[PDB]
Amino acid sequence: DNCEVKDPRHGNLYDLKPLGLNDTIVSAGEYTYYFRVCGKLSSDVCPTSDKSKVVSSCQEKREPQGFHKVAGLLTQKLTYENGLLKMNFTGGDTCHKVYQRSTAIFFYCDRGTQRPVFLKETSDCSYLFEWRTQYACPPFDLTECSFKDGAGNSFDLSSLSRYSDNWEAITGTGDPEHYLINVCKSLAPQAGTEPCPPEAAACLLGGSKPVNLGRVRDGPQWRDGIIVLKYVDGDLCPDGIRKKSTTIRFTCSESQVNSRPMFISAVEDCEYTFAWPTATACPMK
Ligand SMILES: *[C@@H]1O[C@H](CO)[C@@H](O[C@@H]2O[C@H](CO)[C@@H](O[C@@H]3O[C@H](CO[C@H]4O[C@H](CO)[C@@H](O)[C@H](O[C@H]5O[C@H](CO)[C@@H](O)[C@H](O)[C@@H]5O)[C@@H]4O)[C@@H](O)[C@H](O[C@H]4O[C@H](CO)[C@@H](O)[C@H](O)[C@@H]4O)[C@@H]3O)[C@H](O)[C@H]2NC(C)=O)[C@H](O)[C@H]1NC(C)=O
């Protein structure tokens with residue numbers, strides 16, 4: 001009800017009503033999809049002589065030889081299920097005799113708001129869309145991610161900051177553990193029932209419980225001839241005095257446009273080290 005749902009891990013309240021100010025129109029091949037977040041369609045499409053139905057989503061095969069199919073009825077239900085924000089307009093026109101068309105929007109956290117995109121139609125005639133929008137973001141920590149070297153060259157790692165997912169570090173194929181990392185921000189929300197601590201910018205998964213390997217503090221800087229980003233104040237180290245920390249060493253490699261951080265070392269379950277050759281770490285022009 002009411003186009004809102006609370007995040008059970010962060011406590012913030014997602015409110016997608018600003019996305020329902022107007023009809024949303026999405027082209028997908030020969031189709032145009034119309035839907036209204038938490039409201040009735042105002043567009044002159046998908047007429048129904050059944051008054052008890054309030055149409056909120058419409059699939060239009062454009063002319064020539066066009067047609068309209070009701071793809072979902074009015075709902076203000078927004079669900080948050082194991083880390084995923086979804087809205088499902090149900091009750092559309094009959095499909096393959098035993099189904100009814102539906103329209104499902106998956107909302108993902110984004111730096112801004114991108115136009116929604118049609119993904120696929122499921123075998124039960126559910127039309128799946130993704131919508132990347134800042135409205136789907138729980139709170140996160142963020143630091144400046146641009147910097148200079150001593151010679152005045154400029155650098156910016158901001159494009160490695162990921163809002164809807166996280167970087168999975170590359171370990172040996174035998175490693176039963178895996179590492180999630182983000183850049184100049186805490187981790188993006190994760191699907192599942194075992195999420196990392198909300199304050200973590202780096203996290204160790206595979207043990208009994210996720211482990212926070214450090215929080216955002218300061219941005220990246222050139223130190224001793226290497227670009228370094230450090231996360232601090234993770235979970236307590238086993239010695240009981242220090243808190244876990246993570247160092248990411250970046251190096252410029254123009255060919256490395258879709259690289260991932262590589263796990264280098266974990267010392268005393270306390271200091272974690274990653275190395276990341278990336279075209280993003282090269283001097284800007
Ligand atoms: C958005 O929301 C909509 C609405 O919920 C989702 O659409 C539904 O998707 C599910 C798939 O996840 C569909 O389930 C399958 O449905 C088929 C067809 O079921 C119909 O025909 C059957 C054959 O005659 C009949 O038995 C069914 O009757 C049962 O279900 C209805 C409710 O739909 C209920 O009223 C009846 O009393 C019965 O309980 C029905 O008329 C079915 O064949 C599938 O069954 C297989 O799998 C299930 C496990 O999933 C298993 O239990 C079965 O034994 C069988 O192995 C399966 O149930 C569903 O039909 C869709 N609903 C409609 C109205 O089309 C949509 O997916 C959502 N989108 C997103 C992205 O979440």
# chains A, B, ... in the order shown; residues from 1 in each chain; ligands from 1
call {"tool": "closest_atom_pairs", "arguments": {"of": "chain A", "to": "ligand 1", "cutoff": "7 Å", "atoms": "only C-alpha atoms and all ligand atoms", "output": "JSON lines"}}
result
{"residue": "A:88", "atom": "CA", "partner": "ligand 1", "partner_atom_place_in_ligand_line": "1 (C)", "distance": 4.9}
{"residue": "A:89", "atom": "CA", "partner": "ligand 1", "partner_atom_place_in_ligand_line": "1 (C)", "distance": 6.6}
{"residue": "A:90", "atom": "CA", "partner": "ligand 1", "partner_atom_place_in_ligand_line": "2 (O)", "distance": 5.3}
{"residue": "A:91", "atom": "CA", "partner": "ligand 1", "partner_atom_place_in_ligand_line": "64 (C)", "distance": 6.4}
{"residue": "A:98", "atom": "CA", "partner": "ligand 1", "partner_atom_place_in_ligand_line": "21 (O)", "distance": 4.7}
{"residue": "A:99", "atom": "CA", "partner": "ligand 1", "partner_atom_place_in_ligand_line": "65 (O)", "distance": 3.3}
{"residue": "A:100", "atom": "CA", "partner": "ligand 1", "partner_atom_place_in_ligand_line": "65 (O)", "distance": 4.0}
{"residue": "A:101", "atom": "CA", "partner": "ligand 1", "partner_atom_place_in_ligand_line": "65 (O)", "distance": 6.2}
{"residue": "A:102", "atom": "CA", "partner": "ligand 1", "partner_atom_place_in_ligand_line": "1 (C)", "distance": 5.5}
{"residue": "A:103", "atom": "CA", "partner": "ligand 1", "partner_atom_place_in_ligand_line": "1 (C)", "distance": 6.6}
{"residue": "A:104", "atom": "CA", "partner": "ligand 1", "partner_atom_place_in_ligand_line": "71 (C)", "distance": 4.9}
{"residue": "A:124", "atom": "CA", "partner": "ligand 1", "partner_atom_place_in_ligand_line": "65 (O)", "distance": 5.4}
{"residue": "A:125", "atom": "CA", "partner": "ligand 1", "partner_atom_place_in_ligand_line": "65 (O)", "distance": 6.9}
{"residue": "A:126", "atom": "CA", "partner": "ligand 1", "partner_atom_place_in_ligand_line": "69 (N)", "distance": 5.2}
{"residue": "A:128", "atom": "CA", "partner": "ligand 1", "partner_atom_place_in_ligand_line": "71 (C)", "distance": 6.1}
call {"tool": "select_by_dssp", "arguments": {"residues": "stretch 4-207 of chain A", "states": "strand (DSSP E)", "output": "ChimeraX atom specification"}}
result
/A:4-6,13-15,24-28,31-35,55-61,67-73,79-81,84-89,94-95,99-100,102-108,117-121,126-132,146-148,154-156,167-168,178-181,202-205
call {"tool": "residues_around", "arguments": {"residues": "stretch 55-71 of chain A", "least_positions_apart": "2", "cutoff": "6 Å", "atoms": "only C-alpha atoms", "output": "list in words"}}
result
residues 30, 31, 32, 33, 34, 35, 36, 40, 41, 46, 73, 74, 92, 93, 101, 102 and 103 of chain A
call {"tool": "closest_atom_pairs", "arguments": {"of": "stretch 139-193 of chain A", "to": "stretch 243-256 of chain A", "cutoff": "10 Å", "atoms": "only C-alpha atoms", "output": "tab-separated table"}}
result
residue	atom	partner	partner_atom	distance
A:157	CA	A:250	CA	9.5
A:181	CA	A:248	CA	9.5
A:183	CA	A:248	CA	9.2
call {"tool": "atom_distance", "arguments": {"atom1": "atom CA of residue A:6", "atom2": "atom CA of residue A:116"}}
result
22.4 Å
call {"tool": "closest_residue", "arguments": {"among": "A:8, A:29, A:261, A:20", "to": "residue A:171", "atoms": "only C-alpha atoms"}}
result
A:261
call {"tool": "closest_residue", "arguments": {"among": "A:231, A:145, A:131, A:285", "to": "residue A:86", "atoms": "only C-alpha atoms"}}
result
A:131
call {"tool": "select_by_dssp", "arguments": {"residues": "stretch 39-240 of chain A", "states": "helix (DSSP H, G or I)", "output": "PyMOL selection string"}}
result
chain A and resi 134-136+158-160
call {"tool": "write_last_selection", "arguments": {"atoms": "C-alpha atoms", "output": "PDB file, in the first residue's frame"}}
result
ATOM      1  CA  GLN A 134      18.329   7.055  -6.897  1.00  0.00           C
ATOM      2  CA  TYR A 135      14.920   6.584  -5.234  1.00  0.00           C
ATOM      3  CA  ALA A 136      15.867   2.903  -4.745  1.00  0.00           C
ATOM      4  CA  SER A 158      34.440   7.786  -9.616  1.00  0.00           C
ATOM      5  CA  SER A 159      33.267   5.654 -12.541  1.00  0.00           C
ATOM      6  CA  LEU A 160      34.249   2.527 -10.564  1.00  0.00           C
TER       7      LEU A 160
END
call {"tool": "atom_distance", "arguments": {"atom1": "atom CA of residue A:167", "atom2": "atom CA of residue A:179"}}
result
8.2 Å
call {"tool": "decode", "arguments": {"residues": "stretch 36-55 of chain A", "atoms": "N, CA and C atoms", "output": "compact mmCIF listing (two decimals), in the first residue's frame"}}
result
# COMPACT_ATOMS: atom_id res chain seq x y z
N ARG A 36 2.04 3.41 -15.31
CA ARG A 36 2.02 4.51 -14.34
C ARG A 36 2.33 3.96 -12.96
N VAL A 37 3.48 4.35 -12.41
CA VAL A 37 3.85 3.93 -11.07
C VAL A 37 2.79 4.38 -10.07
N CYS A 38 2.18 3.40 -9.38
CA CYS A 38 1.22 3.65 -8.30
C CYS A 38 0.03 4.52 -8.74
N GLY A 39 -0.37 4.43 -10.01
CA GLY A 39 -1.51 5.20 -10.45
C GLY A 39 -2.13 4.62 -11.70
N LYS A 40 -3.23 5.25 -12.11
CA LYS A 40 -3.93 4.89 -13.34
C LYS A 40 -3.27 5.55 -14.54
N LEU A 41 -3.23 4.81 -15.66
CA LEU A 41 -2.77 5.38 -16.93
C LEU A 41 -3.65 6.54 -17.35
N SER A 42 -3.03 7.66 -17.71
CA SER A 42 -3.76 8.77 -18.31
C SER A 42 -3.77 8.70 -19.83
N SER A 43 -2.87 7.92 -20.43
CA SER A 43 -2.81 7.78 -21.88
C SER A 43 -4.07 7.10 -22.40
N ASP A 44 -4.44 7.47 -23.63
CA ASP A 44 -5.64 6.95 -24.30
C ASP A 44 -5.31 5.62 -24.97
N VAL A 45 -5.06 4.60 -24.13
CA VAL A 45 -4.70 3.26 -24.59
C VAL A 45 -5.43 2.24 -23.72
N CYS A 46 -5.45 1.00 -24.19
CA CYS A 46 -6.00 -0.13 -23.45
C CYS A 46 -7.39 0.14 -22.86
N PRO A 47 -8.39 0.44 -23.69
CA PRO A 47 -9.74 0.66 -23.15
C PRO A 47 -10.32 -0.64 -22.62
N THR A 48 -11.12 -0.52 -21.57
CA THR A 48 -11.79 -1.66 -20.96
C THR A 48 -13.24 -1.29 -20.67
N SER A 49 -14.17 -2.10 -21.16
CA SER A 49 -15.55 -1.91 -20.77
C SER A 49 -15.82 -2.43 -19.36
N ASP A 50 -14.85 -3.14 -18.79
CA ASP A 50 -15.00 -3.59 -17.39
C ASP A 50 -14.59 -2.44 -16.49
N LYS A 51 -15.54 -1.73 -15.90
CA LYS A 51 -15.22 -0.61 -15.00
C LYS A 51 -14.44 -1.00 -13.73
N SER A 52 -14.62 -2.16 -13.10
CA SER A 52 -13.94 -2.41 -11.85
C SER A 52 -12.45 -2.53 -12.06
N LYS A 53 -12.01 -2.67 -13.31
CA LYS A 53 -10.60 -2.69 -13.63
C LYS A 53 -10.09 -1.26 -13.82
N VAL A 54 -8.96 -0.95 -13.20
CA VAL A 54 -8.28 0.31 -13.41
C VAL A 54 -6.94 -0.04 -14.03
N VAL A 55 -6.74 0.35 -15.28
CA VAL A 55 -5.57 -0.08 -16.04
C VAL A 55 -4.38 0.81 -15.71
